[PDB]
Structure formats: C-alpha cells, structure tokens
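Asks: What follows is run-v4.pdb, made up of PDB, C-alpha atoms and all ligand atoms:
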ATOM      1  CA  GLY U   1     -16.770  13.477  -0.939
ATOM      2  CA  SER U   2     -18.896  16.032   0.971
ATOM      3  CA  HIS U   3     -22.226  14.692   2.382
ATOM      4  CA  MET U   4     -22.808  18.359   3.415
ATOM      5  CA  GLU U   5     -19.964  20.874   2.659
ATOM      6  CA  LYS U   6     -21.517  23.801   4.652
ATOM      7  CA  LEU U   7     -25.043  24.479   6.054
ATOM      8  CA  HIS U   8     -26.472  28.040   6.131
ATOM      9  CA  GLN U   9     -29.645  29.841   4.908
ATOM     10  CA  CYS U  10     -31.352  33.260   4.997
ATOM     11  CA  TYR U  11     -34.927  32.447   3.807
ATOM     12  CA  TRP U  12     -36.786  29.773   1.781
ATOM     13  CA  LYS U  13     -38.644  32.604  -0.058
ATOM     14  CA  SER U  14     -35.562  33.263  -2.278
ATOM     15  CA  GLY U  15     -37.479  34.828  -5.229
ATOM     16  CA  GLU U  16     -34.414  36.831  -6.358
ATOM     17  CA  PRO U  17     -31.063  36.291  -8.336
ATOM     18  CA  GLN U  18     -29.472  33.945  -5.705
ATOM     19  CA  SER U  19     -26.324  31.707  -5.873
ATOM     20  CA  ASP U  20     -25.909  28.187  -7.415
ATOM     21  CA  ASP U  21     -25.364  26.975  -3.800
ATOM     22  CA  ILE U  22     -29.134  27.552  -3.129
ATOM     23  CA  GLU U  23     -30.322  24.498  -5.167
ATOM     24  CA  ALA U  24     -27.305  22.582  -3.718
ATOM     25  CA  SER U  25     -28.326  23.535  -0.128
ATOM     26  CA  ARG U  26     -32.085  22.793  -0.579
ATOM     27  CA  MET U  27     -31.426  19.226  -1.912
ATOM     28  CA  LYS U  28     -29.091  18.300   1.034
ATOM     29  CA  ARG U  29     -31.382  20.062   3.616
ATOM     30  CA  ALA U  30     -34.324  18.147   1.972
ATOM     31  CA  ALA U  31     -32.827  15.207   3.964
ATOM     32  CA  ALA U  32     -33.247  17.316   7.210
ATOM     33  CA  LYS U  33     -36.910  16.151   7.593
ATOM     34  CA  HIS U  34     -35.645  12.503   7.656
ATOM     35  CA  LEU U  35     -32.648  13.679   9.793
ATOM     36  CA  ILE U  36     -35.186  14.188  12.659
ATOM     37  CA  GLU U  37     -36.547  10.640  12.001
ATOM     38  CA  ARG U  38     -32.990   9.136  12.045
ATOM     39  CA  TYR U  39     -32.288  11.079  15.291
ATOM     40  CA  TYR U  40     -35.450   9.793  17.079
ATOM     41  CA  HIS U  41     -34.449   6.272  15.900
ATOM     42  CA  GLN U  42     -30.839   6.818  17.171
ATOM     43  CA  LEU U  43     -32.028   8.072  20.635
ATOM     44  CA  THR U  44     -34.228   4.946  21.140
ATOM     45  CA  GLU U  45     -32.223   2.193  19.281
ATOM     46  CA  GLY U  46     -28.682   3.665  18.879
ATOM     47  CA  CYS U  47     -25.960   2.484  16.435
ATOM     48  CA  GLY U  48     -23.808  -0.680  15.934
ATOM     49  CA  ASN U  49     -20.727   1.243  17.218
ATOM     50  CA  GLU U  50     -18.696   0.322  20.355
ATOM     51  CA  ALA U  51     -16.575   3.497  19.951
ATOM     52  CA  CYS U  52     -19.654   5.773  19.869
ATOM     53  CA  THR U  53     -18.427   8.306  22.570
ATOM     54  CA  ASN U  54     -21.670  10.396  22.131
ATOM     55  CA  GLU U  55     -24.490  10.916  24.718
ATOM     56  CA  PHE U  56     -26.865  11.976  21.853
ATOM     57  CA  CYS U  57     -27.432   8.288  21.061
ATOM     58  CA  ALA U  58     -28.895   5.197  22.881
ATOM     59  CA  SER U  59     -25.762   3.015  22.293
ATOM     60  CA  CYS U  60     -23.583   5.611  24.147
ATOM     61  CA  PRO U  61     -21.033   3.123  25.752
ATOM     62  CA  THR U  62     -20.041   5.072  28.949
ATOM     63  CA  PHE U  63     -22.506   8.011  28.452
ATOM     64  CA  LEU U  64     -26.279   8.498  29.131
ATOM     65  CA  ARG U  65     -29.381   8.475  26.860
ATOM     66  CA  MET U  66     -32.998   9.772  26.979
ATOM     67  CA  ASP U  67     -36.401   7.969  27.212
ATOM     68  CA  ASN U  68     -38.615   7.493  24.059
ATOM     69  CA  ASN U  69     -40.716  10.613  24.978
ATOM     70  CA  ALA U  70     -37.626  12.729  25.917
ATOM     71  CA  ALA U  71     -36.041  11.541  22.606
ATOM     72  CA  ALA U  72     -38.978  13.182  20.722
ATOM     73  CA  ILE U  73     -37.867  16.570  22.225
ATOM     74  CA  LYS U  74     -34.174  15.833  21.612
ATOM     75  CA  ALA U  75     -34.513  14.535  17.954
ATOM     76  CA  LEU U  76     -35.313  17.907  16.228
ATOM     77  CA  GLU U  77     -33.134  19.686  18.865
ATOM     78  CA  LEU U  78     -30.164  17.690  17.425
ATOM     79  CA  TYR U  79     -31.321  18.251  13.783
ATOM     80  CA  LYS U  80     -31.150  22.109  14.061
ATOM     81  CA  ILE U  81     -27.663  22.111  15.761
ATOM     82  CA  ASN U  82     -26.385  19.231  13.474
ATOM     83  CA  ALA U  83     -25.259  16.870  16.323
ATOM     84  CA  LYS U  84     -23.323  13.563  15.857
ATOM     85  CA  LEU U  85     -25.761  11.215  14.044
ATOM     86  CA  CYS U  86     -23.988   7.845  13.835
ATOM     87  CA  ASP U  87     -27.105   5.932  12.594
ATOM     88  CA  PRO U  88     -27.006   2.003  12.603
ATOM     89  CA  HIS U  89     -25.149   1.208   9.298
ATOM     90  CA  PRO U  90     -25.765  -2.139   7.332
TER      91      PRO U  90
HETATM   92 ZN    ZN U 101     -23.921   6.184  18.404
END
With the file now loaded, output its structure as structure tokens.

Replies:
Amino acid sequence: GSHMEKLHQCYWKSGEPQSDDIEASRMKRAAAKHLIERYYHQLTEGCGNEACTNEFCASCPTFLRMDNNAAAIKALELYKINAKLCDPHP
C-alpha cells in the first residue's frame, strides 16, 4: 500500500471545515519528527544495501557522504524535501 500517498499542507492551525485527508496527513507527517532522526542515523551509519546509488546516505557505494556534524545540517534538509531514506532494514 501507500506509506505516504501525497504530502502537502497549508497550516497546522486548521480550525475550519477541512478535508478527511487532514487527519490522514497529520498521522503520516507525525513520523516526520522521527524522519529527521532516521536521516541523521542514515548519514552516519547508512543502510545494508549494496545497490544504494544515493549520496544522501553513508553506505553510498560509489558516491560521497557527510561528517557527523555536517549530517546534523543535512538530516532535516532531507526531511523537508523528502529525499531517499533507505534506512538499515532488519
Ligand atoms: Zn542507502
């Protein structure tokens, strides 16, 4: 299924007759705080993927990565733009 069908918002102060998609958006964007945490973890550790093909990750096979401090800048920078978060899967 859809982990996130489409991301968009106007304001969080939606004290008006808004759509059903509002409660659906706020639950899936509630993960966006931990998205930053998964990003910072990905930019320092990486992912267990050989076919990663993404510089926005420490385990980038032919590509570059950023230092722990530079990863702190890059983590929330990748969260807002919704970059490729592989994340190390079990
Ligand atoms: Zn990766």

Asks: As a quick test: using all atoms listed in the file, which residues lie no more than 9 Å away from ligand ZN 101 (chain U)? Give them as a list in words.

Replies: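 Based on all atoms listed in the file, ligand ZN 101 (chain U) is surrounded within 9 Å by residues 42, 43, 46, 47, 48, 49, 50, 51, 52, 53, 54, 55, 56, 57, 58, 59, 60, 61, 84, 85, 86, 87 and 88 of chain U.
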
Asks: I want to know what sits within 12 Å of residue 73 (chain U), based on all atoms listed in the file, with residues of the same chain fewer than 3 positions away left out; could you give that as a PyMOL selection string?

Replies: chain U and resi 36-37+39-40+43+56+66-70+76-80

Asks: Mind telling me what the PyMOL selection byres (((chain U and resi 9) around 12) and not hetatm) catches here, as an MDAnalysis selection string?

Replies: chainID U and resid 6:8 10:14 18:19 21:26 29

Asks: Of the candidates U:17, U:62, U:90, U:75, which one gets nearest to residue 33 (chain U) if we count only C-alpha atoms?

Replies: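 Among the listed residues, the smallest separation from residue 33 (chain U) belongs to U:75.
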
Asks: What is the CA of residue 74 (chain U)-CA of residue 28 (chain U) distance in Å, reported with one decimal?

Replies: 21.3 Å

Asks: Please, what distance in Å, to one decimal, runs between CA of residue 45 (chain U) and CA of residue 3 (chain U)?

Replies: 23.3 Å

Asks: If you measure from CA of residue 2 (chain U) to CA of residue 31 (chain U), what distance in Å do you get, rounded to one decimal?

Replies: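 Going from CA of residue 2 (chain U) over to CA of residue 31 (chain U), I get 14.3 Å.
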